[PDB]
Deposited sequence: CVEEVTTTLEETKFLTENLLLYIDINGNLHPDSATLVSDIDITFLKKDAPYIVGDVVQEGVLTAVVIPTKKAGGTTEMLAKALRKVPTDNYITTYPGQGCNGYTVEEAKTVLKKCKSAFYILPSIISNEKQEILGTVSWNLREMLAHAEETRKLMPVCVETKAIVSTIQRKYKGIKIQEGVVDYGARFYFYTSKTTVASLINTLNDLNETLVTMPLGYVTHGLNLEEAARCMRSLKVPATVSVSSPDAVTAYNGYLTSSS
């Protein structure tokens, strides 16, 4: 009932056209699902928001289910309960509950072995060492390695430091390659959208944990989100004790 495939989305459609996508209660796509809806109208996902966990929406070849997140009380049984609402069918999908939602692959496997449906699981397509580097250190590293450095534009202390270092830089949201290569973002976009952007750019990162403070996440919550990155990243945390903490959060 559950089979992992080695193929891309397009290379897996010969088995079924149906895609199972994961959304949150506002109808926003999980980063694992967000890359699967090219050239398809997805207005229907958010049109009927807000949802509750377990709600299912469908249009054409797409099915989407609202899954729980452990930051908001979610457990393994609530994940299983949510997936039971999906109509029985054959689907291409990803393992439910990964990334920010905080479930492990082994937990996702457990949920899907209930298998009213058949699922073909797309491949999740390298872990650089976690460090505790200050902003000056992170900038110098970026400059010489050409790694992409995400920066939250609302963090005034960082923006001013960059302006001093790189006289003449015009900081604006998006990629800015001046002195070093930056991805400037607002906390007024989702963490998922930022992760998908970084994954699409397909560059190695030097970064603080994404969502941590800027999007109200604690360190464990950010570490869960960081699992959705598909690019290598040097992750710089607040202190040496946080290195130990972060690495533990990432592996559970």
* Asked: Given the full deposited sequence, which segments carry no C-alpha coordinates?
  -> 126-131, 259-260
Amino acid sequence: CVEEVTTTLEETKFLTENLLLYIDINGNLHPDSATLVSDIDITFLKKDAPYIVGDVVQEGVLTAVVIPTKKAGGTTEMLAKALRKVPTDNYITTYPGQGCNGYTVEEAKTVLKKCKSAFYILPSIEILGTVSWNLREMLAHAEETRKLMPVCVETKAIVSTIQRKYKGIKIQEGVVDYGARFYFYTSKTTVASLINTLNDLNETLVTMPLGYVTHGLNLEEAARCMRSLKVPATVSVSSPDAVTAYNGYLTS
From here on, numbers count along this sequence of modelled residues.
* Structure fact -> Mean Cα B-factor check, 46-54 vs 218-226, entry values; winner is 46-54
* 240-248 versus 18-26: which one carries the higher mean Cα B factor per the record? -> 240-248
* Structure fact -> For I162, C152, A142, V111, the deposited C-alpha B-factor is largest at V111
* Between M78, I171, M138, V175, which one tops the list for C-alpha B-factor in the PDB entry? -> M78
* **Chain-wide C-alpha B factor ranking for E59, given as lowest, middle or highest third** => middle
* Asked: Relative to the other modelled residues in the chain, which third contains the C-alpha temperature factor of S187: lowest, middle or highest?
  -> middle
* Structure fact -> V131: C-alpha B-factor third of its chain, per the entry, is the middle
* Asked: C-alpha B factor of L148, ranked within the chain: lowest, middle or highest third?
  -> lowest
* Structure fact -> Assert third(CA B-factor, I125) within chain per record equals highest
